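Novice: This is the structure I want to talk about, given as structure tokens.
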Amino acid sequence: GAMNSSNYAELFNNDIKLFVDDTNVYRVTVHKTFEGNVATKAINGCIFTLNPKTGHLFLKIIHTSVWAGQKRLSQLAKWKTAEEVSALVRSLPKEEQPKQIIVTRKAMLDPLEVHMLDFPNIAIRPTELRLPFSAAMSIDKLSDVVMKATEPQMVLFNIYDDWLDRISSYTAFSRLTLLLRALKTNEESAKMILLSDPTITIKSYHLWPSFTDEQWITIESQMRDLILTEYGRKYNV
Amino acid sequence: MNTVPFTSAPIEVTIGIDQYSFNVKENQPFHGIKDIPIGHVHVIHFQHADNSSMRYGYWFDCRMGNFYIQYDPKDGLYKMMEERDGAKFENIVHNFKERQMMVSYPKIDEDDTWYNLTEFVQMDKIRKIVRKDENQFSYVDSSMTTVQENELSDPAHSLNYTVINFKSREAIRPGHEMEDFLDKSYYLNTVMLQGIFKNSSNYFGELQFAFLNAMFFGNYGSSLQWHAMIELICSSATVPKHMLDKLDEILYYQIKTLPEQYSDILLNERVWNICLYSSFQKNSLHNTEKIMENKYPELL
């Protein structure tokens with residue numbers, strides 16, 4: 001069934017499962033034409049597919065070329081997302097294929113399900129959680145590799161850097177989502193917080209600064225405080 | 001004109017014949033239905049005064065033999081049977097008619113209703129959906145499950161309706177995933193019409209039987225099959241123009257014949273709002289749309 005707070009710790013058992021977020025697959029800018037009508041210009045997009053347990057991310061870059069000459073693009077984006085996820089599953093060895101794929105938006109169920117007809121034993125699941133994975137393009141190195149791409153490309157990351165060397169999956173995923181939640185609600189503040197101190201650098205092979213344990217504690221508190229602050233501003237509380 | 005005699009009426013029961021019905025009192029002297037039009041299929045059906053659950057009935061065709069009804073006290077239901085002995089059968093019919101203990105198939109001559117509801121229904125096709133080849137007539141009741149329902153238990157008592165599934169390899173050509181799921185034309189025209197049903201008339205025949213079973217027995221899987229079949233057409237962008245006009249007529253008369261008080265369980269809100277307003281065929285069910293709006297505006 002649907003993922004929610006009840007069945008939350010299932011994410012971290014030893015059943016391979018992937019999250020698929022499609023919010024960044026079709027990205028446009030909106031602008032005025034010489035005649036004054038509105039027109040859209042697409043930019044490079046991406047499928048965010050993440051194993052919450054292991055941190056393995058399969059960032060499938062979507063090149064603007066894929067839209068060329070197509071109608072009902074926002075509809076098409078869901079079908080292309082499912083097309084790529086399916087091909088990713090087909091590319092994986094059997095023992096690495098997932099037992100479940102959880103889509104962050106309900107509109108992806110039908111296309112995925114149709115594209116996965118060949119894998120009847122992979123469960124496609126919706127979720128009631130409000131995951132912040134749209135903010136993935138606020139991570140500088142991810143937004144950079146997408147924006148530069150000149151062709152469809154798959155790029156592999158571990159979204160957790162080396163955290164698992166020291167903390168559990170559960171904790172890593174909590175940190176991950178806390179950090180993207182913050183980046184989603186106020187990107188400028190969130191980014192300020194992460195990079196204020198120039199002496200804490202990002203390894204070339206990493207996405208996030210090399211905070212020590214005590215420093216992650218301060219960061220997470222700063223991220224928490226940020227998120228509450230913005231809520232009060234949002235609703236006048 | 002044909003006759004279906006009854007041995008007796010031992011228990012109080014509401015007897016239906018096609019869309020007509022009558023109350024018969026316990027051990028009232030009732031002995032059958034006369035003046036039954038030859039040339040179509042018919043359904044005689046039953047609801048005991050004591051158990052309003054379980055409606056049950058038999059589909060038949062008088063051209064295929066001489067059939068009669070006899071209450072079985074062991075099984076506690078009215079059973080259809082065949083007399084092979086013509087003389088002995090004409091003998092029982094003539095006597096009961098002389099004694100005038102039979103009701104007449106009360107057909108108004110202006111009325112094409114039963115014909116429109118059964119136009120494409122053919123007894124041979126029914127006997128493939130209700131397999132019991134020792135009888136020329138077919139039994140159906142409220143509780144019988146379909147084959148597709150049995151997949152998601154006893155197969156002898158199954159409704160072997162043709163299995164339609166929009167999320168199946170059958171319905172979806174590899175590489176035309178998105179195309180085929182939004183525009184089911186492939187599944188309807190090649191897979192189902194040309195492949196399985198062979199022609200529109202068998203398709204339409206199963207569609208109308210599915211409807212009549214949901215209507216006369218509240219057979220929930222029949223309801224599901226009828227809707228599945230409507231949906232497949234209306235979700236197809238490319239349909240023969242003759243099927244569309246015949247479909248509009250078919251649905252019109254089904255919506256017309258439905259009991260007004262049952263529209264809540266028998267009509268699937270999503271399917272109808274799709275056929276009439278969202279689908280490719282939104283513009284192509286003028287009669288069906290007009291009757292749905294003026295009779296069940298709420299469900300829309």
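Identifiers for the structure tokens are assigned positionally: chains receive A, B, ... in sequence, residues are indexed from 1 per chain, and ligands are indexed from 1 in the order shown.
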Counting only C-alpha atoms, what are the residues of chain B within 10 Å of chain A, and for each of them which pair of atoms is the nearest and at what distance in Å, to one decimal? Sort the table by chain and rising number, as CSV.

Specialist:
residue,atom,partner,partner_atom,distance
B:166,CA,A:114,CA,9.0
B:167,CA,A:114,CA,5.9
B:168,CA,A:117,CA,6.7
B:169,CA,A:117,CA,6.6
B:171,CA,A:114,CA,9.9
B:172,CA,A:114,CA,7.8
B:174,CA,A:115,CA,8.5
B:175,CA,A:115,CA,9.0
B:176,CA,A:115,CA,9.8
B:177,CA,A:115,CA,6.5
B:178,CA,A:79,CA,6.2
B:179,CA,A:79,CA,9.6
B:180,CA,A:114,CA,9.9
B:181,CA,A:114,CA,7.9

Novice: Please list as a VMD selection string every residue within 8 Å of region 92-108 of chain A, counting only C-alpha atoms and excluding residues in the same chain fewer than 6 positions away.

Specialist: chain A and resid 3 15 to 22 78 82 121 to 127 131

Novice: Store the residues picked out above, limited to N, CA, C and O atoms, as a PDB file, in the first residue's frame.

Specialist:
ATOM      1  N   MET A   3       3.057   4.453   1.283  1.00  0.00           N
ATOM      2  CA  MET A   3       3.995   4.808   2.339  1.00  0.00           C
ATOM      3  C   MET A   3       3.522   6.026   3.149  1.00  0.00           C
ATOM      4  O   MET A   3       3.159   7.062   2.580  1.00  0.00           O
ATOM      5  N   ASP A  15      15.038  -5.072   2.062  1.00  0.00           N
ATOM      6  CA  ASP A  15      14.362  -5.161   0.765  1.00  0.00           C
ATOM      7  C   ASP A  15      14.787  -3.950  -0.074  1.00  0.00           C
ATOM      8  O   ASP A  15      14.531  -2.807   0.309  1.00  0.00           O
ATOM      9  N   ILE A  16      15.439  -4.213  -1.198  1.00  0.00           N
ATOM     10  CA  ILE A  16      15.822  -3.120  -2.081  1.00  0.00           C
ATOM     11  C   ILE A  16      14.586  -2.352  -2.515  1.00  0.00           C
ATOM     12  O   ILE A  16      13.644  -2.934  -3.050  1.00  0.00           O
ATOM     13  N   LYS A  17      14.629  -1.015  -2.388  1.00  0.00           N
ATOM     14  CA  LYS A  17      13.513  -0.170  -2.822  1.00  0.00           C
ATOM     15  C   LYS A  17      14.092   1.136  -3.313  1.00  0.00           C
ATOM     16  O   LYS A  17      15.166   1.577  -2.846  1.00  0.00           O
ATOM     17  N   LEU A  18      13.417   1.722  -4.321  1.00  0.00           N
ATOM     18  CA  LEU A  18      13.842   3.021  -4.799  1.00  0.00           C
ATOM     19  C   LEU A  18      12.711   4.030  -4.707  1.00  0.00           C
ATOM     20  O   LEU A  18      11.521   3.703  -4.883  1.00  0.00           O
ATOM     21  N   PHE A  19      13.096   5.268  -4.410  1.00  0.00           N
ATOM     22  CA  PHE A  19      12.212   6.409  -4.538  1.00  0.00           C
ATOM     23  C   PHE A  19      12.355   6.962  -5.943  1.00  0.00           C
ATOM     24  O   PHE A  19      13.474   7.075  -6.452  1.00  0.00           O
ATOM     25  N   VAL A  20      11.252   7.306  -6.605  1.00  0.00           N
ATOM     26  CA  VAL A  20      11.408   8.021  -7.910  1.00  0.00           C
ATOM     27  C   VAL A  20      10.726   9.356  -7.752  1.00  0.00           C
ATOM     28  O   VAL A  20       9.508   9.391  -7.583  1.00  0.00           O
ATOM     29  N   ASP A  21      11.481  10.461  -7.808  1.00  0.00           N
ATOM     30  CA  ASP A  21      10.831  11.750  -7.872  1.00  0.00           C
ATOM     31  C   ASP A  21      10.970  12.347  -9.285  1.00  0.00           C
ATOM     32  O   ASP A  21      12.059  12.386  -9.842  1.00  0.00           O
ATOM     33  N   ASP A  22       9.851  12.810  -9.853  1.00  0.00           N
ATOM     34  CA  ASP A  22       9.791  13.311 -11.224  1.00  0.00           C
ATOM     35  C   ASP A  22       9.554  14.823 -11.311  1.00  0.00           C
ATOM     36  O   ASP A  22       9.316  15.346 -12.421  1.00  0.00           O
ATOM     37  N   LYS A  78       5.766  12.332 -17.546  1.00  0.00           N
ATOM     38  CA  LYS A  78       5.486  11.198 -16.676  1.00  0.00           C
ATOM     39  C   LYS A  78       5.845   9.874 -17.361  1.00  0.00           C
ATOM     40  O   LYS A  78       6.589   9.079 -16.768  1.00  0.00           O
ATOM     41  N   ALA A  82       8.746   7.126 -16.494  1.00  0.00           N
ATOM     42  CA  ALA A  82       8.565   5.694 -16.358  1.00  0.00           C
ATOM     43  C   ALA A  82       9.412   4.941 -17.364  1.00  0.00           C
ATOM     44  O   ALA A  82      10.011   3.918 -17.016  1.00  0.00           O
ATOM     45  N   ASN A 121       6.391  -8.739 -10.238  1.00  0.00           N
ATOM     46  CA  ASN A 121       6.771  -8.896  -8.841  1.00  0.00           C
ATOM     47  C   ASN A 121       7.485  -7.665  -8.247  1.00  0.00           C
ATOM     48  O   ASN A 121       7.923  -7.735  -7.084  1.00  0.00           O
ATOM     49  N   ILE A 122       7.607  -6.546  -8.985  1.00  0.00           N
ATOM     50  CA  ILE A 122       8.035  -5.265  -8.406  1.00  0.00           C
ATOM     51  C   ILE A 122       6.800  -4.438  -8.068  1.00  0.00           C
ATOM     52  O   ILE A 122       6.030  -4.041  -8.967  1.00  0.00           O
ATOM     53  N   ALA A 123       6.617  -4.145  -6.785  1.00  0.00           N
ATOM     54  CA  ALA A 123       5.455  -3.387  -6.375  1.00  0.00           C
ATOM     55  C   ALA A 123       5.709  -1.921  -6.616  1.00  0.00           C
ATOM     56  O   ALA A 123       6.738  -1.410  -6.169  1.00  0.00           O
ATOM     57  N   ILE A 124       4.755  -1.243  -7.259  1.00  0.00           N
ATOM     58  CA  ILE A 124       4.801   0.200  -7.493  1.00  0.00           C
ATOM     59  C   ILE A 124       3.907   0.834  -6.433  1.00  0.00           C
ATOM     60  O   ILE A 124       2.719   0.545  -6.397  1.00  0.00           O
ATOM     61  N   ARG A 125       4.451   1.738  -5.605  1.00  0.00           N
ATOM     62  CA  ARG A 125       3.677   2.253  -4.508  1.00  0.00           C
ATOM     63  C   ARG A 125       3.589   3.777  -4.501  1.00  0.00           C
ATOM     64  O   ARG A 125       4.628   4.463  -4.566  1.00  0.00           O
ATOM     65  N   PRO A 126       2.406   4.328  -4.219  1.00  0.00           N
ATOM     66  CA  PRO A 126       2.321   5.757  -3.872  1.00  0.00           C
ATOM     67  C   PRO A 126       2.805   6.041  -2.447  1.00  0.00           C
ATOM     68  O   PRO A 126       3.212   5.161  -1.703  1.00  0.00           O
ATOM     69  N   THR A 127       2.800   7.311  -2.084  1.00  0.00           N
ATOM     70  CA  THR A 127       3.187   7.685  -0.736  1.00  0.00           C
ATOM     71  C   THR A 127       2.369   8.884  -0.279  1.00  0.00           C
ATOM     72  O   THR A 127       2.034   9.756  -1.078  1.00  0.00           O
ATOM     73  N   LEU A 131       7.667  14.363   0.861  1.00  0.00           N
ATOM     74  CA  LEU A 131       9.127  14.326   0.776  1.00  0.00           C
ATOM     75  C   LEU A 131       9.639  15.560   0.032  1.00  0.00           C
ATOM     76  O   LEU A 131       8.984  16.034  -0.895  1.00  0.00           O
TER      77      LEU A 131
END

Novice: Residues within 7 Å of residue 200 (chain A), please, as a PyMOL selection string. Count only C-alpha atoms; anything in the same chain fewer than 3 positions from it doesn't count.

Specialist: chain A and resi 197+209-211

Novice: Can you write out the residues you just picked, keeping C-alpha atoms, as a compact mmCIF listing (two decimals), in the first residue's frame?

Specialist:
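What landed in again_34.txt:
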# COMPACT_ATOMS: atom_id res chain seq x y z
CA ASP A 197 32.59 28.66 7.35
CA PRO A 209 30.66 19.74 3.40
CA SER A 210 32.88 17.47 5.51
CA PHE A 211 31.27 18.35 8.80

Novice: Mind the document's chain letters and residue numbers, and return as a list in words the residues of region 65-132 of chain B that DSSP labels strand (DSSP E).

Specialist: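 Residues of region 65-132 of chain B classed as strand (DSSP E): residues 66, 67, 68, 69, 70, 71, 72, 77, 78, 79, 80, 81, 82, 83, 103 and 104 of chain B.
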
Novice: Just write the chosen residues, N, CA and C atoms, as a PDB file, in the first residue's frame.

Specialist:
ATOM      1  N   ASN B  66     -37.993 -27.892 -25.928  1.00  0.00           N
ATOM      2  CA  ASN B  66     -39.160 -27.668 -25.094  1.00  0.00           C
ATOM      3  C   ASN B  66     -38.711 -27.650 -23.636  1.00  0.00           C
ATOM      4  N   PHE B  67     -38.871 -26.508 -22.959  1.00  0.00           N
ATOM      5  CA  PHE B  67     -38.324 -26.331 -21.607  1.00  0.00           C
ATOM      6  C   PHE B  67     -39.484 -26.052 -20.648  1.00  0.00           C
ATOM      7  N   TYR B  68     -39.343 -26.507 -19.397  1.00  0.00           N
ATOM      8  CA  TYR B  68     -40.339 -26.287 -18.351  1.00  0.00           C
ATOM      9  C   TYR B  68     -39.698 -26.076 -16.963  1.00  0.00           C
ATOM     10  N   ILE B  69     -40.510 -25.653 -15.995  1.00  0.00           N
ATOM     11  CA  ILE B  69     -40.011 -25.341 -14.657  1.00  0.00           C
ATOM     12  C   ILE B  69     -40.627 -26.296 -13.645  1.00  0.00           C
ATOM     13  N   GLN B  70     -39.800 -26.770 -12.733  1.00  0.00           N
ATOM     14  CA  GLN B  70     -40.275 -27.653 -11.693  1.00  0.00           C
ATOM     15  C   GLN B  70     -39.538 -27.270 -10.432  1.00  0.00           C
ATOM     16  N   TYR B  71     -40.299 -27.041  -9.365  1.00  0.00           N
ATOM     17  CA  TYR B  71     -39.695 -26.842  -8.056  1.00  0.00           C
ATOM     18  C   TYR B  71     -39.082 -28.140  -7.518  1.00  0.00           C
ATOM     19  N   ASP B  72     -37.821 -28.022  -7.104  1.00  0.00           N
ATOM     20  CA  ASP B  72     -37.116 -29.111  -6.444  1.00  0.00           C
ATOM     21  C   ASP B  72     -37.046 -28.896  -4.944  1.00  0.00           C
ATOM     22  N   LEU B  77     -35.286 -24.742  -5.018  1.00  0.00           N
ATOM     23  CA  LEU B  77     -35.371 -23.701  -6.032  1.00  0.00           C
ATOM     24  C   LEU B  77     -36.053 -24.257  -7.278  1.00  0.00           C
ATOM     25  N   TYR B  78     -36.623 -23.342  -8.040  1.00  0.00           N
ATOM     26  CA  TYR B  78     -37.288 -23.678  -9.293  1.00  0.00           C
ATOM     27  C   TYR B  78     -36.217 -24.011 -10.323  1.00  0.00           C
ATOM     28  N   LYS B  79     -36.325 -25.178 -10.949  1.00  0.00           N
ATOM     29  CA  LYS B  79     -35.327 -25.646 -11.893  1.00  0.00           C
ATOM     30  C   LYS B  79     -35.925 -25.664 -13.291  1.00  0.00           C
ATOM     31  N   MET B  80     -35.135 -25.240 -14.261  1.00  0.00           N
ATOM     32  CA  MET B  80     -35.489 -25.467 -15.650  1.00  0.00           C
ATOM     33  C   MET B  80     -35.101 -26.879 -16.061  1.00  0.00           C
ATOM     34  N   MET B  81     -35.952 -27.503 -16.884  1.00  0.00           N
ATOM     35  CA  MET B  81     -35.724 -28.844 -17.429  1.00  0.00           C
ATOM     36  C   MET B  81     -36.216 -28.905 -18.873  1.00  0.00           C
ATOM     37  N   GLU B  82     -35.735 -29.906 -19.591  1.00  0.00           N
ATOM     38  CA  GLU B  82     -36.090 -30.129 -20.982  1.00  0.00           C
ATOM     39  C   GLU B  82     -36.920 -31.393 -21.062  1.00  0.00           C
ATOM     40  N   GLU B  83     -38.017 -31.325 -21.804  1.00  0.00           N
ATOM     41  CA  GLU B  83     -38.760 -32.512 -22.197  1.00  0.00           C
ATOM     42  C   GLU B  83     -38.310 -32.875 -23.601  1.00  0.00           C
ATOM     43  N   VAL B 103     -50.101 -17.419 -17.614  1.00  0.00           N
ATOM     44  CA  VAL B 103     -50.087 -15.991 -17.885  1.00  0.00           C
ATOM     45  C   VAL B 103     -49.510 -15.788 -19.275  1.00  0.00           C
ATOM     46  N   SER B 104     -49.871 -14.684 -19.918  1.00  0.00           N
ATOM     47  CA  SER B 104     -49.366 -14.358 -21.244  1.00  0.00           C
ATOM     48  C   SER B 104     -48.211 -13.358 -21.164  1.00  0.00           C
TER      49      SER B 104
END

Novice: Just list as a ChimeraX atom specification whatever in chain A DSSP marks as helix (DSSP H, G or I).

Specialist: /A:9-12,64-67,73-91,94-96,106-115,133-138,140-148,163-165,169-185,187-195,213-235

Novice: For the atom pair CA of residue 236 (chain B) and CA of residue 219 (chain B), what is the interatomic distance in Å to one decimal place?

Specialist: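 These two atoms are separated by 26.7 Å.
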
Novice: Might you pull out every residue within 6 Å of residue 17 (chain B), with only C-alpha atoms counted and same-chain residues fewer than 4 positions away left off, and present them as a PyMOL selection string?

Specialist: chain B and resi 21+43-44

Novice: I need the residues from that last selection saved to file as a PDB file, in the first residue's frame (with C-alpha atoms), if you can.

Specialist:
ATOM      1  CA  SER B  21     -42.694 -10.119 -13.625  1.00  0.00           C
ATOM      2  CA  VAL B  43     -34.538 -15.237 -19.227  1.00  0.00           C
ATOM      3  CA  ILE B  44     -36.968 -16.655 -16.677  1.00  0.00           C
TER       4      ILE B  44
END

Novice: Between CA of residue 119 (chain A) and CA of residue 86 (chain A), what distance in Å does the model show, to one decimal?

Specialist: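 Computing it gives 9.1 Å between the two atoms.
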
Novice: Please provide as a PyMOL selection string all residues within 7 Å of residue 160 (chain A), with the sequence filter that same-chain residues fewer than 2 positions apart are discarded (counting only C-alpha atoms).

Specialist: chain A and resi 55+158+162-163+172

Novice: With only C-alpha atoms as the basis for distance, which of A:220, A:225, A:187, A:84 is at the shortest distance from residue 174 (chain A)?

Specialist: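 Residue with the minimum atom-to-atom distance to residue 174 (chain A): A:220.
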
Novice: For residue 135 (chain A), which residue out of A:27, A:184, A:206, A:233 is the nearest one, using only C-alpha atoms?

Specialist: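 Between A:27, A:184, A:206, A:233, the residue approaching residue 135 (chain A) most closely is A:184.
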
Novice: Determine the nearest neighbour of residue 120 (chain B) from the options B:163, B:247, B:275, B:62, counting only C-alpha atoms.

Specialist: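 Distance minimum relative to residue 120 (chain B) lands on B:247.
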
Novice: For CA of residue 222 (chain B) and CA of residue 244 (chain B), determine how far apart the two atoms are, in Å to one decimal place.

Specialist: 21.8 Å
